[PDB]
Every structure is written in structure tokens, then in C-alpha cells.
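Quick notes on the structure that follows.
4 protein chains.
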Amino acid sequence: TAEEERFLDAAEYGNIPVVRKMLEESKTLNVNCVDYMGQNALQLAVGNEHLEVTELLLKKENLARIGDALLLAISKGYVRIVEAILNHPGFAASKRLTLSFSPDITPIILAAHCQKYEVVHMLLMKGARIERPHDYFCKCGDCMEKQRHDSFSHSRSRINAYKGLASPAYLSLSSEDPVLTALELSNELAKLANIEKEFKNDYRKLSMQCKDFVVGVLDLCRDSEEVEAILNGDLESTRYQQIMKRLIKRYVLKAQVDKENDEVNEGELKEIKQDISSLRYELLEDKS
Amino acid sequence: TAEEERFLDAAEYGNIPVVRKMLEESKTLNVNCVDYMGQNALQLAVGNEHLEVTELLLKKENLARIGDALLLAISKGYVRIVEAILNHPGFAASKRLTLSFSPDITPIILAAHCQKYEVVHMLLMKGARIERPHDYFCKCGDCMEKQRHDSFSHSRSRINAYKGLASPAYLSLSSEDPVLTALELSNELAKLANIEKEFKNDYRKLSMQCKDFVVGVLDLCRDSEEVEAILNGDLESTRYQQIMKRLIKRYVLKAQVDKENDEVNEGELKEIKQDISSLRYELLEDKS
Amino acid sequence: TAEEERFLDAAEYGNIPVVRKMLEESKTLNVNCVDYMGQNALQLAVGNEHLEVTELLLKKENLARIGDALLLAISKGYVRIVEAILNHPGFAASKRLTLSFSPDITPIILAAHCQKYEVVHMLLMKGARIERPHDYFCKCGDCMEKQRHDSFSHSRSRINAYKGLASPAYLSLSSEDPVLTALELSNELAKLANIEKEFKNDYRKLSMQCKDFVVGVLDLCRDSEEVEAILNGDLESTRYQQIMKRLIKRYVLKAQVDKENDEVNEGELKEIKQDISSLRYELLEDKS
Amino acid sequence: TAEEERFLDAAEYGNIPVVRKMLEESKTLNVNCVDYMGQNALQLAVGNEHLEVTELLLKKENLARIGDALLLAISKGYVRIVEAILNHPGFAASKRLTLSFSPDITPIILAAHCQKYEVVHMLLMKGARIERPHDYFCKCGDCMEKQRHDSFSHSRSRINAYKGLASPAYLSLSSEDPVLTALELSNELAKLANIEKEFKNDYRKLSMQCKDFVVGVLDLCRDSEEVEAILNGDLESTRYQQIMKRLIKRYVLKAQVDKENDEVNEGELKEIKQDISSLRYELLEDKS
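Put into C-alpha cells, the structure is as follows:
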């Protein structure tokens, strides 16, 4: 395990030509090393180290921890690492159920809990769009889905799906008229707060998030739409497409500025330290 | 769009000799690439990457997004990027109305919402000084300006102009005796709070900002001016020039220290990461 | 002391080939320099400077400040510096009492006040596991330990030992079933709060920490264990091993994310500055 | 002023061989450039750029802004920049009054408002120790000092001197028994709060700071001194030297850790950016 420990020390920090040497030395030991994680690309997606990931993409020995590495790259919020994962090992489809951390969360939903717009838009450039809003009532038609599992996974996965479908970001993500759809989802979550018991506080939170979302989009304030359908929906609380897209861009830029006015995350500092160490290893080992 | 995507990947991060190669390869594809922004210098003014901007200044193919790039460089608060924008592509004048994001905000006003003194002073070294305090009453003389637009843009642009004219920074920016002018503007904003309805809280905020401004300038405390005109203005709440300029310098230095004792912005961390990546690309691609 | 001051200036910052020159110049002056600390590896374990420590490991001239340097590397929370200290100068055992800052704290306890899991796990890979929970009553059997010292060191070292034994991290550190042991320790600390006077607030704090620990481990929520022994312990407030280890890994990852969502420490910024200066000294002095 | 502006652009950022070229090109224009500051070493002591300062020390053309640059290096809290200022241009003495920003604050007092221990200790290694506690009553003996100036400078300079003499750091700085001297100064500031009117809140603050200082030094808790003189002083609220010095070292280390657990200053981030730009300029201009 000596070469394994050398590989992991080259893995947590940069050591990029050391990993090139581990490539060129006939791959004597497989990339299956365990510290606390079963595989090693999970600990390779820690810092902003793209070249390690590109060298991992040439290691197609069925290293089947690409999905959890993608979930780490989304939850930490990388961009080009997510692109390197999505492009080269290939993906046929991702619709219902495969056999590959690991919560029961599709990566569009996990990209929707965070509000990082470009990650979800890169997910939308590939074909996977809608998080499937079903009935989620006592009767749904998919009674066999209610009969496969009989546990708290139904209600909690329902709440997680509506947290994904809460539209924190869907105004850049739906096709046409996101405000009316946000009003409809607010009414639906209000009715679920009326009906579905013992979890009503979360539905009230999501309904107030949708309300304050619509209020902020109104507070963009370029040109008064003031459609009477919008007014009647408020009672229950083309060039038009061009005005709508311009307001979409305004709200996206304001949301990104309000993201950039936030408190520091310590992991973002750890990213800077690992980038400094990767610079150290690149410059010194290319001098040698 | 393959060269376009290579250009944008060279654009978000440093890749400065890659952009030199894109220059030297006959400019096969124009700099008009769209991710969410129409042009590309907007995404080039993200980090502290001056050499990209200087290479853009040699690209005079009527890439008409210099003004919004200047607004980004002011709102994020760069210094030498603003100098590179102001110097080389040339500016005839900027007084009332041209045809070139984009709120209805002149860059002196947007430099005045932020309190960054050196940016506004570099604006004042060129000829554009005053944000035009007009009557802003029911009657103003410029009734045709009130008749061109008939909307909320009058009142809201008025409030934005008085937020620019609130003097957060004008003590380094006016010509002579900024304290008496601040007292006069505080009296004017008090009278506008008395008269102009449904927005009185903002005028009260700006009046209290002017009052606390004058109180802090009094709290500099080198030599007691104590002019009886200042006393009579407080009732309604040369060597003198040398004392005034020295107090101006004292207040500017105290304001800059109080700026440097503020909470961290995450965009300032992103600037550090992009500077690290620019160092990476410079050193590695100059080794090659 | 001129070479001593040059050595200390090479010691606070990087200057790694300068320290190589101080090695190769026959070691004219010993590494015993005093600014405020008696030895110098204490001021060498400030930044993320591993090569200095590896050059110190070849300096085996009985520089007997390895233990306090290990305590600094644990309290600041380095990883590979702790590995470099533990591996090469050798350690026979660490059980009760040796003759080598310096509080009366064994490094497992000081690694247990901080919650850094990998440091304590690297301590557990070597043979030193348990922090010795004794009776700690009026009668204990070790009455001669109560008669060697007669001071406040008994009660305060007892409280420090139970702060080490509070299980902030022991769910990754004990062998089997940490939740039941946490319940037993919560009951023991509750009884010590009932009995041991004038320090009851700290025992109440540790008992509430154990309670909220067990509540969070319950709030992992994969599969309901719901053992009736757990229920009866709550009244006084194999595949099972596989489920338990998976919940252990879930709680460890959630704890590390909650660590990485914390406020910035200024010493972590100082680490970045000293790493930048080490890069400066490496690159410039290897150009020369 | 073209070479002046090139020099200032080399001055705000690193550009160290550019400043070497400005040295070697016969010094055509003197270092007297004005942006807002009269001299230029004030804007050269912004970042952690030592080589610029060492090149300034070879520029002995009576560039008489060394004292304000020293005050900037102390107030921002550099270490080796302060050493470079103190060592090479020479200092005869600094006792009462010379003719060379600029508040009326001696650098020991300005180093005492900040709590940076090593800066004040480097001041104490040179001969300047005591901030001269005089009577500061209605009668003092130095009545001519009260008759030279007749203004608020007496009371405010008195309060600033007692803020310097508040002992935030003097336990590492006085000769022997700092706790009894802190008790005496607390009694003196209490009596000044009884006597000197209209500023009593600041004296109450400094007295409570001295009280909490003594309480924290008591809360070090190695060995109970419990001198009856300390008890009688509390009523009005050798090996002993070795115990006292060890408690001094304990309190200094605890104070430095509590400094390193503080909120981030944005100027510390600006230091990192200017160090990155200095690395950029060094590496690129040494490639050329």
C-alpha cells in the first residue's frame, strides 16, 4: 500500500506529474484506495484541480464513483469539473432509476437546492428538464409506487422534491412565463399545507419563498405588466416575451450580486490553499 | 462555435497567450460570443486581469459593450481597469443622452452610490463634474422633460439622483466648503421630505446621513472653526482653505480605514482565485 | 547571534534553500534560538511549510521540543505535519507520565477538544486509544493519585478529561455502538452534575451536548433502528453493524460540511500569506 | 510626469525590477510624487513588499516621510517593514518633540493602541520605554506645559496617553510585577473618573479593562499566588519571578490565540492581492 499512500498524497494535493508517473508506471495498483471513502475521485474533487480530473478520465477501468463525484462537484459548486464529468465518460440517460454519500436525490434536484444557475443551465443543455410533479396526494394513480416502499421515504422525498420544485432558480430554467407558474406552485403548496399534516411549516416556508420571489420580480420595476390575471392571482394570496426575458436577466444578475455579498465559506479558503499547493507542485516538479 | 468556446474558456480565466494566439490566428471568429451576456468583455472584467483588457483595446472592431464593461469595473471597484477603459478607446463627451445590464444611471452616479473615492476622482480629472441638481418640483421649467416620459421613472430617477447627490463622498469632490453645501442639501432634502409624499423615508435617511456626515467632520477635531454661520445653520437642524483641505484629507483617510474594517465580500475572494488561475496559465504556458 | 537571526528570519518565513545552506555550513550555531519561545520548531510549525519540518527531522541533536510542536500542529490543525512528527523521530509509548506552552493535556485529549476527525484517527492508527475513565468520585481506589497532588488540579483535570470524554467525535473513534455509550456517558455526567458541586454548569453543558449529539444521529434518518433498549434509555433522559457504520459515515460527512460552513479564522489567512512567501522564496532562490 | 506616473504604477503594485530600472536610470525625477499623499513611501508601505522598502533605504535624498511611513507600518501591523525602517536610516533619540497623516501620537503610544506585542517589544529593544505618566491634575508642576497650549488638546491628549497607559499589553512590557502596577493604575483611573468630569465614561471603560485584565491573569490558574497585598487591593475594587514570567508567557500566548480567532479585515485581503501581484511582476519580469 506504499504506492497507494504515495498516490493518495499526490491525490489530496496537486502533484500532477507525480500522477503522470503513476500513469506511466504500468498502473501497478488500481485506483481503489480507501481512507474513509471507497474510491478516490471523491477526494480528488476537493480543490480546483482540473488536470487531475482530466487524467482520471483517461483511466476508464470502470472506476464506478463518477456519480458521487458529480454530486460533490455540484454541491461544492464547481463549473468546469462538472463539465469534465458530463462530457467525456458519456451518459445515455438519467430518468428514473439506475444502480450507480449517495442520498436519494437526482443531480438536478441537488443542483436546485443550491441556487447556482450555470450548473442547472448546463444540466438543461443536456436533455433532462423536469423534476416530475406528480399528484402527491392520498390517491395518485401510481399506487404501486406507494406500495413498493412503505416508510417515511414517501413524505420526506415528497418534501425534498417540492424543495427542488420550490423555484429558487426556475425563472431562468422554465420555458415561458415563470411568474404565473410560481403563483400556481404557491397555491399548490398552500393547499398542501392545508391538507398534508405534521409538515406544514416547511410548506409555509416554501409558499412564503414563492411569494417573496414574485414580490422581488415585481420589484425589478422596468415596465408595469399589471395583467389582470396577475391581479386576480394576487387576490388569492413577441415583445412581451422580450420584456419578460429582459426582466429574467435583471433578476439573475441581481441574484448573483446578492450571492457575491454573502459570508465567507471556509471551504472556499481551502480551495485557495489547495490551488496554492497545486501551483507549488507544478512549478517545482517542472523545474525538476 | 468550437473556437468560440475555446475563446470563452480563455476569457473566464486568464489564458493570456491563448488569447494572443486567438489574436494572431487572423481573427476567424468575432468577439460576439453569448453565454448569458451579449458581448464578452463583460465576462472579461470579472477578475483582476489587466492584460486581457489591454489585448481587447487592440480589437477595435466596434465591440460596442465598453460602457457596460465600465459600469462593471466601477461597480465591482477596479482602478486600473477603469483607467484602461477611459484612456484608449477615446471619449468625446458624456453629458445628457447617448445610444450606447444598462440601468438609467450615468457612471458618476454609479461611482457615487459606491463610496470609492479614487474612481470618482479619476472621473473628475476628466471633464464631467456635476450631477445636475435641477428644481425637481411640480414646476421646474423643464416641463418637456416631464412630458417626454409619463411614468414612475421621474420620481425614482429623482430619488436615485439625490442618492448620488447625497454627498457620501463629495467632501473630496466639490470645489470649496463642502460642509456648508452639505448643510444646504440636508435642508433641501428635509423640505423634499416635507413636500414629496410616499417616499419620505428615503429622504429622511439621506438627511440623517448628511447630518451624521457633518457630525463626523466636526468629530475630526483639530481646530475649532465654529463659524457663527455654521452655528445658525445648526439652529435649523487662504489659511482657512488650508485647514479645510487638511480636514478633508483626515476624513478621507478615516473613511478608507473604516472601509478596510468591513466584512469580506465573496467576490473579492473570487478575484483572488481568478488571479491565481491567471498566474497558473501565465507560468505554465510561458514554460511551453 | 547574527547567524541566529538569519536562521530565525529563514524560520518564520520559508527560505528553504537558505535553511539548506544553514545545514550545509557545518551547523556552526545550534537550533536553540530564543525570541519568546525556548526552541525554534515551535515558530517553524506556524505555516503550511512541510519541507522545513522534514529538514528539521534530519537535525537529531536532541532538540527536545517535539512534543510542544506536535501540540501546536494539532491545535492549529495540520495533518501532514502531524504525520511527519509522528513517523520519523520515533515514539516508544505514551501512557501516563514522561519528562518532555505545556499544559497537563495528553495529545489525544487536545485532539479531542478540537473536533478534527482525521487527526484523532491517525492517533488511533498508532496504539493509544482510551483516555482512561476512572471513578472520579470521593473514593476511587487510586487514593495515592489523590494524595500526590492536593490542589485544584484534581477537579479541573477531571473536568478537562470529561471534556475530552464528552464524545464530540467518538462516534468515529469508539469500536462498536457509540450511541449506547454516549447515553451511558450522558447518564454519568448527569449523576456527576447531581453530585459534584460548584462546577455543575459544565456537566450540564456536556450532558446537553451528548443529548443533542444523539438527537442529530437520530436525525440522520435512513432506517429506524428503534431498539426498545434505546427507548428505555430515552425514558431516563452483521447487517446491523453495516447500517451503524453507514450512519457513522453520514454523520462524519455532515459534521465536516458543518465545519466548512463556519466563520473564517485569521490564522487560516496567515497560513495563506506564509505559503505565498514560501512560494516567493522557493521560486526566487531557485532562480538564483 | 510620465516617468512619475510609471513610478507610481510601479509603486502601488510590486514591479521590483522596474523600480531597479528607475534607480539605474540616473534618478531623473525625484521621489516626491503626489496623488493624495505628499510623498510616496506611504503608498509603498501598503502591501507586504519588503524589497521596495529596502530599495527605498538606498535612496537617502532626505525623503522626509519616514516617520509617517513608520506609523503606517505600525498601525497596519507589519513586522519586518518596521525593522527595516528602524535599522538603516538611523535614529538618534525620540523623547519629547521633533519637527518631523501626523496625529500628535508617539509611535509607542500608537503601537500601544493596537495590541501587537512584538512591535512594542522591538520598540523596547531600542531605548524608549515609558510613556511618561505625569500628574495630569489641576496642578502638575509643569504649568508652562499647560500654558503653551490652551485648548482641548490637553484633556484629549491626556485621555489618549491613558489609553496608551491602559495596559492592554504592558504585562509583557513592564519590568517587574505588572499586576500590582495594573491595580495601581486602575485605582488612579478610578480617582480620575471621580475627579475629571465630562469624560468619565472613558475612564470607567479603562478601569473595567484593567479589572478584567487582572481577572483574566488570575484565570490563567497554574499556582495560587494569593498574596494578602493582592487581597487588600481587591478589597478596594527568584522562583516567584519564574512563576510570574511563566504566567506572562501563558497570557501572551492566550492573547495571541484570541487575536487569531477574530473577524477578517479586508485590508488583510488586500495585502494578499498585492503579494500575488508582486509575485506576478517578479516572475514575469525575471523571465524577461
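Chains as they are written, first to last, in the deposited numbering: chain B, 37 to 136, 157 to 293, 773 to 823; chain C, 37 to 136, 157 to 293, 773 to 823; chain A, 37 to 136, 157 to 293, 773 to 823; chain D, 37 to 136, 157 to 293, 773 to 823.
Every residue gets a Cβ at the ideal spot worked out from N, C-alpha and C, and that includes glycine.
| Rounded separation between B/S230 and B/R185 - CA only | Translated into positions along the first sequence, residue 230 of chain B becomes position 174. Translated into positions along the first sequence, residue 185 of chain B becomes position 129. Those two C-alpha atoms are separated by around 9 Å.
| request: Give the DSSP-derived three-state secondary structure of A/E801 in the structure shown. | output: Sequence index remark: in the third sequence, residue 801 of chain A carries index 266 (1-based). Three-state result, A/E801: helix.
| Could you give the C-beta distance for D/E39 and D/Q79, rounded to a whole number, given that I count them as a contact under 8 Å? | Indexing the fourth sequence from 1 puts residue 39 of chain D at position 3. Indexing the fourth sequence from 1 puts residue 79 of chain D at position 43. No, D/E39 and D/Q79 are not in contact; Cβ-Cβ is about 16 Å, not under 8 Å.
| Between the Cα of B/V118 and the Cα atoms of B/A222, B/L287, B/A109 and B/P125, which residue gives the shortest distance? | Position 82 of the first sequence, counting from 1, holds the residue named residue 118 of chain B. That would be B/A109, whose Cα lies nearest to the Cα of B/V118.
| query | If you count every other CB in all the chains shown that lies within 10 Å of the CB of D/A81, and 16 or more means buried, which is it? | reply | Position 45 of the fourth sequence, counted from the start, is the residue given in the question as residue 81 of chain D. That one is buried.
| query | According to the Cβ coordinates, are A/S228 and A/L241 closer than 8 Å? | reply | For the purposes of this step, residue 228 of chain A is identified with residue 172 of the third sequence, where counting begins at 1. For the purposes of this step, residue 241 of chain A is identified with residue 185 of the third sequence, where counting begins at 1. Not in contact: A/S228 and A/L241 (Cβ atoms no closer than 8 Å).
| request: Can you say whether C/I778 is buried or exposed, counting buried as having 16 or more other CB atoms within 10 angstroms of its CB? | output: The residue given as residue 778 of chain C occupies position 243 in the second sequence. Its Cβ having fewer than 16 others within 10 Å, C/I778 is exposed.
| task | Using a Cβ-Cβ cut-off of less than 9 Å, give me the residues of the region 791 to 803 of chain C that come near chain D, in sequence order. | result | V792, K794, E795, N796, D797, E798, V799, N800 and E803
| task | Quick one: list the residues of chain B neighbouring C/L819, beta-carbon separation under 9 Å, in chain order. | result | As a first step, residue 819 of chain C must be located in the second sequence, where it is residue number 284. By Cβ distance, chain B contributes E817, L818 and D821.
| said: Which runs of the alpha helix (DSSP H) at least 4 residues long sit entirely within the region 48 to 123 of chain A? Give them in chain order. | reply: 52 to 60, 77 to 80, 86 to 93, 102 to 111 and 116 to 123
| For A/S813, which of helix, strand or coil comes out of DSSP? | On the third sequence, residue 813 of chain A is found 278 positions in, with the first residue counted as 1. Helix, per DSSP.
| query | Grouping DSSP H, G and I as helix and E and B as strand, with all else coil, what is A/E41? | reply | Taking the third sequence and counting its residues from 1, one reaches residue 41 of chain A at position 5. Helix, per DSSP.
| query | Which value, in whole angstroms, describes the spacing of the CA atoms of D/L245 and C/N250? | reply | By 1-based counting over the fourth sequence, the position of residue 245 of chain D is 189. By 1-based counting over the second sequence, the position of residue 250 of chain C is 194. Going from the Cα of D/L245 to the Cα of C/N250 covers about 49 Å.
| How should A/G83 be labelled, buried or exposed, when 16 other C-beta atoms within 10 angstroms of its C-beta is the threshold for buried? | Taking the third sequence and counting its residues from 1, the one referred to as residue 83 of chain A is at position 47. By the neighbour-count rule (16 or more Cβ atoms within 10 Å), A/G83 is buried.
| field | Environment of C/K131 [buried if 16+ CB atoms lie within 10 Å] | value | Stepping through the second sequence from its first residue, residue 131 of chain C is reached at position 95. C/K131 should be labelled exposed.
| message | Looking at chain A, is there any beta carbon in it that lies within less than 8 Å of the beta carbon of B/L241? | response | Position 185 of the first sequence, counted from the start, is the residue given in the question as residue 241 of chain B. B/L241 does not count as touching chain A.
| With 16 other CB atoms within 10 Å as the buried threshold, where does C/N123 fall? | Counting from 1 along the second sequence, the entry for residue 123 of chain C is found at position 87. Answer is exposed; the Cβ neighbour count stays below 16.
| message | Are the CB atoms of C/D198 and C/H190 within a distance shorter than 8 Å? | response | Working through the second sequence from its first residue, we reach residue 190 of chain C at position 134. Working through the second sequence from its first residue, we reach residue 198 of chain C at position 142. It is a contact, given that the beta carbons lie within the stated cut-off.
| query | Hey, is the region 800 to 813 of chain B in contact with the region 781 to 798 of chain C, meaning 3+ C-beta pairs nearer than 8 Å? | reply | no
| request: Show which residues of chain C have a CB atom less than 8 Å away from the CB atom of B/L788. | output: Your numbering for residue 788 of chain B matches position 253 in the first sequence. The answer, in chain order, is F157.
| Reduced DSSP category for C/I161 - H, G, I as helix; E, B as strand; rest coil | Within the second sequence, residue 161 of chain C is the residue found at index 105, counting from 1. Here C/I161 sits in coil by DSSP.
| field | Any non-hydrogen atom of the ligand PLP closer than 7 Å to D/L108 Cβ | value | With respect to small molecules bound, the structure shown includes none, and the ligand PLP cannot be examined in it.
| said: Taking the alpha helix (DSSP H) that C/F269 belongs to, which residues open and close that run? | reply: Reading the second sequence from its first residue, position 213 is the one you call residue 269 of chain C. Start and end: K256 to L274.
| field | Contacts of B/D810 in chain C (Cβ-Cβ under 9 Å) | value | What you label residue 810 of chain B is simply residue 275 of the first sequence in a count that begins at 1. Going along chain C in sequence order, the residues near B/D810 (Cβ under 9 Å) are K808, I811, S812 and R815.
| message | Strictly under 8 Å for the Cβ-Cβ distance: is D/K780 near chain A by that measure? | response | Position 245 of the fourth sequence holds residue 780 of chain D. No - not a single Cβ of chain A is within 8 Å of the one on D/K780.
| Rounded to a whole number of angstroms, what is the C-alpha to C-alpha distance between D/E292 and C/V235? | One-based indexing of the fourth sequence puts residue 292 of chain D at position 236. One-based indexing of the second sequence puts residue 235 of chain C at position 179. Going by the C-alpha atoms only, they are around 49 Å apart.
| Since D/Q777 is in the alpha helix (DSSP H), which residue starts that stretch and which ends it? | Sequence index remark: in the fourth sequence, residue 777 of chain D carries index 242 (1-based). From DSSP, the alpha helix (DSSP H) with D/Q777 extends over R774 to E795.
| task | Measure the C-alpha to C-alpha separation of D/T64 and D/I102 and round it to an integer number of angstroms. | result | Here residue 64 of chain D is taken as the residue at index 28 of the fourth sequence, counted from 1. Here residue 102 of chain D is taken as the residue at index 66 of the fourth sequence, counted from 1. Rounded to the nearest angstrom, the two C-alpha atoms are 22 Å apart.
| field | Which of helix, strand or coil DSSP assigns to D/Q171 | value | Looking up residue 171 of chain D in the fourth sequence gives position 115. Of the three classes helix, strand and coil, the one that applies to D/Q171 here is coil, per DSSP.
| Within 8 Å, strictly: CB atoms of B/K219 and B/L262 | To locate residue 219 of chain B, count along the first sequence from 1; it is residue 163. To locate residue 262 of chain B, count along the first sequence from 1; it is residue 206. In contact: B/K219 and B/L262 (Cβ atoms closer than 8 Å).
| message | My output table needs one value for B/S230: the three-state DSSP class, helix, strand or coil. | response | By 1-based counting over the first sequence, the position of residue 230 of chain B is 174. If DSSP states are grouped into helix, strand and coil, B/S230 belongs with coil.
| message | Going by beta-carbon coordinates alone, are C/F255 and C/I215 separated by less than 8 Å? | response | Mapped onto the second sequence, residue 255 of chain C falls at position 199. Mapped onto the second sequence, residue 215 of chain C falls at position 159. Cβ distance < 8 Å, so C/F255 and C/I215 count as in contact.
| In terms of alpha-carbon separation, which member of A/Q75, A/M73 and A/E252 lies closest to A/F193? | For the purposes of this step, residue 193 of chain A is taken as the residue at position 137 of the third sequence. Of the listed residues, the one whose Cα sits closest to A/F193 is A/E252.
| request: Leaving out five residues on either side along the sequence, give the residues of the same chain with a beta carbon under 7 Å from the beta carbon of D/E817. | output: Locating residue 817 of chain D in the fourth sequence gives position 282, counting from the first residue. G50 and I52.
| said: Can you look up A/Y218 in the DSSP assignment and give me helix, strand or coil? | reply: By 1-based counting over the third sequence, the position of residue 218 of chain A is 162. A/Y218: helix per DSSP, three-state reduction.
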